[PDB]
Amino acid sequence: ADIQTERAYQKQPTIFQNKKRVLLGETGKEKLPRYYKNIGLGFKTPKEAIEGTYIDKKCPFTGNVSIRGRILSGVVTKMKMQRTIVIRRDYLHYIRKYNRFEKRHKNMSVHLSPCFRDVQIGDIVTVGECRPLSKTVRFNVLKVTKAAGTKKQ
Amino acid sequence: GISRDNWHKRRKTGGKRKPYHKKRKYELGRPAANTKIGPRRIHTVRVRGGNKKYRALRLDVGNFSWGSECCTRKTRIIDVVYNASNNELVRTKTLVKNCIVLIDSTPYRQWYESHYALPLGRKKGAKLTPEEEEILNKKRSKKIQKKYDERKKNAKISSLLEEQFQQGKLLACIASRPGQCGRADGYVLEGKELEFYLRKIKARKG
Amino acid sequence: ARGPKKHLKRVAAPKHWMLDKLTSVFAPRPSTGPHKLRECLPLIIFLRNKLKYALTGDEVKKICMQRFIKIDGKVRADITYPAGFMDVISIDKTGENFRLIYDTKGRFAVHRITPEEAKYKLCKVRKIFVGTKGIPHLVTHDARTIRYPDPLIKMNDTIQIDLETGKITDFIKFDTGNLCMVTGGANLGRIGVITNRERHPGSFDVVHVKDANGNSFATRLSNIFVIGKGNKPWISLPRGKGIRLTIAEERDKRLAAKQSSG
RNA sequence: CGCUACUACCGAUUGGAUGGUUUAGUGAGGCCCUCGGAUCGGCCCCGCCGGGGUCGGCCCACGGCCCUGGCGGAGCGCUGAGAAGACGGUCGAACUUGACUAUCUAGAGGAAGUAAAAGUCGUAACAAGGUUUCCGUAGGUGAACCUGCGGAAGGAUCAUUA
RNA sequence: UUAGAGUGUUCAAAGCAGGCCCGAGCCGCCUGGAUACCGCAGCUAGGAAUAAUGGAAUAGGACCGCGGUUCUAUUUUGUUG
RNA sequence: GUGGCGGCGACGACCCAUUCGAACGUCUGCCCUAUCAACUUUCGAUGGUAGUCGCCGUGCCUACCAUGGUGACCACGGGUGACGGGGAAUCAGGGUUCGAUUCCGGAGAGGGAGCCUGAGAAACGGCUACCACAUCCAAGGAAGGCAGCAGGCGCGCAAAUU
RNA sequence: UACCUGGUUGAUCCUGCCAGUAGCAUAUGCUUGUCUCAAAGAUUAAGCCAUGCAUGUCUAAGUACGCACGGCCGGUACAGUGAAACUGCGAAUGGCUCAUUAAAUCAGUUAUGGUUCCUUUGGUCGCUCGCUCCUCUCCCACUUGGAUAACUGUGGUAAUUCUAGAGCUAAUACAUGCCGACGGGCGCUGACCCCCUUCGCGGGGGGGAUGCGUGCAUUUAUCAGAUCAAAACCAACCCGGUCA
RNA sequence: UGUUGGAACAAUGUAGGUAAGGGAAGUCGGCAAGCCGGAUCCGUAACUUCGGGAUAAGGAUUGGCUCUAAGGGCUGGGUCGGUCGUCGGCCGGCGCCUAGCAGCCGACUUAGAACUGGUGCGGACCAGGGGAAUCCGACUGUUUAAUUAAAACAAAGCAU
């Protein structure tokens, strides 16, 4: 195991792994060339998703999901079931009768880029809208945002 | 009677959704068109908004492609070997998208023996003498004899695919959805993903 | 609930049609022509109330069917044919020709124009749409898919079509120094130079506008419509020139002319 | 406490009446599929004429080859249309019986509360209410109550001279 | 619909109507049907007092400095290769 | 004795568009209840890979893995004599009560389920069964859905002229 | 219009409620002369239904031998009205009521790069290109097939918008299907032929008979989709102008 | 075949079985026999000394034949040159069984699927009828060998 987990064969569709026709100097070179599309709106494509060996179907930068419409943030809470995380999201609701606010919260699941270990919990993240990835997975993760207030360099 | 509803199953919050309407036309399902191997029998379906569907029940020829030579041909399926979804869909000889079949290698070998003029099948030396010697050699005053020599080199097929051509069957995934369109079209298997798929067939039995 | 809608009731219908409340219940439902409901003007209401040539539907029924009405060069034969921005309409029996552009409040003011301006029109584009066979295609406000345009045509532009064969002549590009009239929205029917377009990737691109009267406002890019070059409009404008006047200022004009024409 | 009326309660019937949700069994009906073959049209193996070319025929009686309108016997032989019906799947109303839950109700006998009028026994409390009152807990007595242990003064002393 | 502007429905409740000028000679004119309000949530842009929150403490900001590996091309005689 | 001739009605294809909308989604917003504190499941309960069905996106469905989602910021279960909203009554500033009611959106034709034609019905002034109530009958069979406009019955404190 | 009064007490102060006062929506009693607007089977029974109406459709521009009128008009067809009847469109809009339904519906806000859309309006609609039979039409395109309807004629049961059996008939109904688009074009195979030049093999440079496929969507796979700042090598000799 | 054989097949027995319809109407009394009866998967009340009640009750499945999936053991590490008899002891030089793969054996099991049978399938045998109450004794135990198996004696606990 310890490298990949699959029954079928996972690959980027756009790339064609079997271009290999020439024997000449090298039968195999810098192999299975990488596919990645950058999202707009200025979000920086992580270097991990460029030189990475992983294969994903719904990764924002290396899949087919199309981010649009709504962009929000959150505070990560759980690192449970693989390829998606659960984020609390605190906010204030205003009661009209009193002139006073009332705290609420609504926590939702979001997909992830499988590039990432080193995504701790309790840290802010910026999340974007997507096509309905699953029953409760709509929003998708674009870039995580907290490492300085943490441990050793 | 089946419906592709989202109002017949619980919320994420464990609660139960009491419906507020009875089943609706604009969201519907029909029994599976689980197509097997046999004489070409494709039976019709009408769907929402016109654009009538063609669903297949028994198929034998498909437009399988060879990705390493930019050529594709019609080809007579003869088997089914591996499906990553179900196991009971390889015994049944079903046909679905991404179902690894065995296609007839006759059109591709014939094409190879006519393109590069290098033999790709010899066990008894049965045939195949007259055409191949002719074509590589001079036929229009030394022009063609040059360009086939360019093709004598760099004619590639791996022993991962060489042995299949000798054996007459080519592992080939299906990439066209037989249930909805009706055509059993896909690509031949080669390279590393052939290697990965070869081992699974070798040691599927457990 | 089960299909299309085929009954539009009373003033639930758009407010700029200038309708009543005690003319029964329903209102004419435009025939789904070259404009949305909330931008068009039924041809029936242009013959009973805006013009007051007729009295009822019937006297309108017999006019349009007698084939005197001419819209965009080729006659129409439906009572409720949606009108829209920059549409030319002609009445050959009496001899007038109307332009039907927005007012400073938004009412589709009656606007009589000369036969020279009755030849062409101005239409905004929606997408440059190079299609099969390498053929460049356009689309306009009134759903004219023009093949083979000048390649410089990009977006938000204004075209001028002869109204016999389309065939755009004398286009004007969208720039940040040109006149433009706002269509749709609360700002409906003002005129001024653009002077800015502050982009917003992923949302409505807000376009500010400064008027020749010195005032300023802003809208979204969709509501902008270009009607000329520089500070020169290609078209004559009605009284007020599309320059909004505050209800205080409009009050002064009402009182002065009083007892001076009737 | 021979003193009635009303309100609510517990209660053996291991009770009744209605909904409502469901496990399970039976499962009519539509639809998908694998069969199906009442019957209805075309084809070709046959004969004869007339229409035109044709060998034997000067043209014709008639025959051989091809094509056509018509005439009939037979292979119903190869082909298209196709209902009745069936094995199977899917959805599944409804019935029968269980569980669950809800609101409403009959029930000997018992024990509460409220109002009753001019009832019988006592006098517990408010004045040091004639044992100072009250709280907690406990036992007993016809009844209010009495008493034991620790408190409170809402006590009848804001205090008593080393 | 609430508010409110203009208007003599005989007043008003209402309604978005109407006023001239003359036999009519114009082969009619002047106009109306506006505005404010519409939280909370979302978008936008100026203000940065108050209230959250952040930054280099076992090294971090600055100096277009002089060095390596590893690669992605534009185009110069090779027009292209 | 021929070849060319405009205006139109109707027509089908769709990278197509434009309109009419329709459908699953995104963020925030709901009345009373703790004598409802733990709820959700292999039978899809949150997710991953692959796939049949769908007009598509997705546990929508099947397989194979992973063990997960929500909850004291009120889930879950119950009640409403609750269709939601634009609005309505009352009022100094706050508010409290009401909204079936002619506009916008949703559900339905006695309770449920299934489906043909059609772009758009799970339509009921369309069909198929079952259930309850039922109208003709030669006893063999046939037909229906006034929560449309008028009407009558029953219901009631209470609601119009066939 | 930012409002208060009667009531525990021998008398007083106050907490507290009970009762007052006005609007509002339904019912109800009494009364009622005019006019202008105007609610009206919701509350309980989303319970029941007798009876009658509430969804039909024709233009010069799909079908025309009812003989139902009318042509004068019987001749190498079809005056014109024209009810039936086949076809297309319509019944999926309107109206009613609120039984369900508690992030469910609905409101404000957004994406549908995640789909379908009769009709209205704009666009294209020279689609491919390659057979012509026997000794005499391959094939119709200057028009290719049969089928039912109303109509005529026999009936059936007590009955319904119930239908069977028999004889004709049409198409914008169901089907079939053609030189013309007369492809000169284009790309792959591609008999070859021709020159420069290598004894020759060779390379360059040429033009090509044959045959296959033809942007009209659907399905699958593969390719390129920019190049933003530059000067030389070995080495093809190539686009070129300067004398050489 | 238990201290004998032969022939028949009457009644009464003794010991086994089944019976249409009704199902305790029989009788002092459901006395006797009769249903349930194993296992897998769901489901489980009043009461309570919170351990029990409990196999409570009440459901479904079970045959064959063909498959599928899962649950394990033993062994392993280089061409090169010379020496020693590219295989090996040695040297030096390399490999680095580097993600954990490769080869050989090995037992019975458990879950699922297809097909088939006159829907039969714990197919002989072995294998509980349940529920609601009352009286008595706490319980397990013991006794009247040869009519009384209990509500009788014992019993821990309590107390003189």
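Throughout, chain B uses Swiss-Prot numbering, with the displayed residues spanning 2-207 in order.
Method on record in the header is electron microscopy, 3.5 Å.
Cβ atoms are placed via backbone N, Cα and C, with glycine included.
Listed features, source Swiss-Prot:
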COMPBIAS  B:8-26  compositional bias 'Basic residues'
CROSSLNK  B:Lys170  SUMO2 cross-link
CROSSLNK  B:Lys193  SUMO2 cross-link
LIPID     B:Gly2  N-myristoyl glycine
MOD_RES   B:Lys37  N6-acetyllysine
MOD_RES   B:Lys128  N6-acetyllysine
MOD_RES   B:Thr130  phosphothreonine
MOD_RES   B:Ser160  phosphoserine
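Known features from Swiss-Prot, placed on the structure.
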| residue | record | CB count, 10 Å |
| --- | --- | --- |
| B:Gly2 | N-myristoyl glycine | 7 |
| B:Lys37 | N6-acetyllysine | 15 |
| B:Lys128 | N6-acetyllysine | 10 |
| B:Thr130 | phosphothreonine | 10 |
| B:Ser160 | phosphoserine | 8 |
| B:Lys170 | SUMO2 cross-link | 15 |
| B:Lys193 | SUMO2 cross-link | 16 |
List those recorded positions among B:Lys37, B:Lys128, B:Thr130, B:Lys193 whose Cβ lies under 8 Å from any Cβ of chain A, in sequence order, or write 'none' if there are none.
B:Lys193
Please classify the secondary structure at the residue listed as 'phosphothreonine' using three-state DSSP.
coil
Give me the CA-CA distance between the residue listed as 'phosphothreonine' and B:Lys37 (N6-acetyllysine), in Å, as a whole number.
39
Should B:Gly2 (N-myristoyl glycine) be counted as helix, strand, or coil on the basis of DSSP?
coil
State the Cα to Cα distance, in Å, between B:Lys128 (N6-acetyllysine) and B:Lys170 (SUMO2 cross-link), rounded to an integer.
19
Between C-alpha atoms, which of these recorded positions comes nearest to B:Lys37 (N6-acetyllysine): B:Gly2, B:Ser160, B:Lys170, B:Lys193?
B:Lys170
Find the one among the recorded positions B:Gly2, B:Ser160, B:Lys193 whose C-alpha lies closest to that of B:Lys170 (SUMO2 cross-link).
B:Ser160
Do you know offhand how many angstrom separate the residue listed as 'N-myristoyl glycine' and B:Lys193 (SUMO2 cross-link) by C-alpha?
44
Reduce the DSSP letter at B:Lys193 (SUMO2 cross-link) to three states and note it down.
helix
In whole Å, how far is B:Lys193 (SUMO2 cross-link) from B:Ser160 (phosphoserine) when you measure between their Cα atoms?
12
